[PDB]
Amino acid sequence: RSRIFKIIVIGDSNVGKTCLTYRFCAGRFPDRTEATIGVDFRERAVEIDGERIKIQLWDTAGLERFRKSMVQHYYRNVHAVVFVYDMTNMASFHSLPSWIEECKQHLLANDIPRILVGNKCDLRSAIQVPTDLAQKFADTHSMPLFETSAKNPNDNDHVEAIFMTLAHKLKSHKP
């Protein structure tokens, strides 16, 4: 009865895709990370309404050379798309339109949920992307905004709450 949800994680290198996905699946911060090559797969079984759901996260590569022939594979039968930037890096945020264009060119359906996540919110003194800027971007693209920290998983929007909210939204096929 265990159904699967393929959720891909997309974004510039070093915004924290590996740390976020690992934080959700392992329940700890990575001892050490390296640039993801190709993709890494992390899964977590959870229960929602007594039904068993496997949240299958694809931790994609942000470097061009390390994602070069993978994008078709990322987008095949994807159930949801998570875009990620670094709250302390404005350039990672200005990248989102190109990530969105890639998504729009590779999706095979018009009803696949997308969400927007700002990471490293623990780095308050070095934040470059104010909430209202991110919020407007998110709203005008029909995406919820989350501001979060893989390093400190209970700060602002809880890391657990992001993927669990998304999984609840997928399971019940609700807005």
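A residue's number is simply how far along the shown sequence it sits, counting from 1.
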Notebook entry, point to check: Can you tell me which stretch has the higher mean Cα B-factor, 119-127 or 42-50?
Noted result: 42-50
Notebook entry, point to check: Comparing 128-136 with 27-35, which stretch shows the greater average C-alpha B-factor in the deposited entry?
Noted result: 27-35
Check: Sorting the chain's CA B-factors, does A109 end up in the lowest, middle or highest third?
Finding: highest
Next item on the list: Going by the recorded CA B-factors, say which third of the chain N154 sits in, lowest, middle or highest.
Entry: middle
Next item on the list: Would you mind ranking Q56 by its C-alpha B-factor against the rest of the chain and naming the third, lowest, middle or highest?
Entry: middle
Margin query: Going by the CA temperature factor in the PDB record, which third of the chain does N89 belong to: lowest, middle or highest?
Written below: lowest
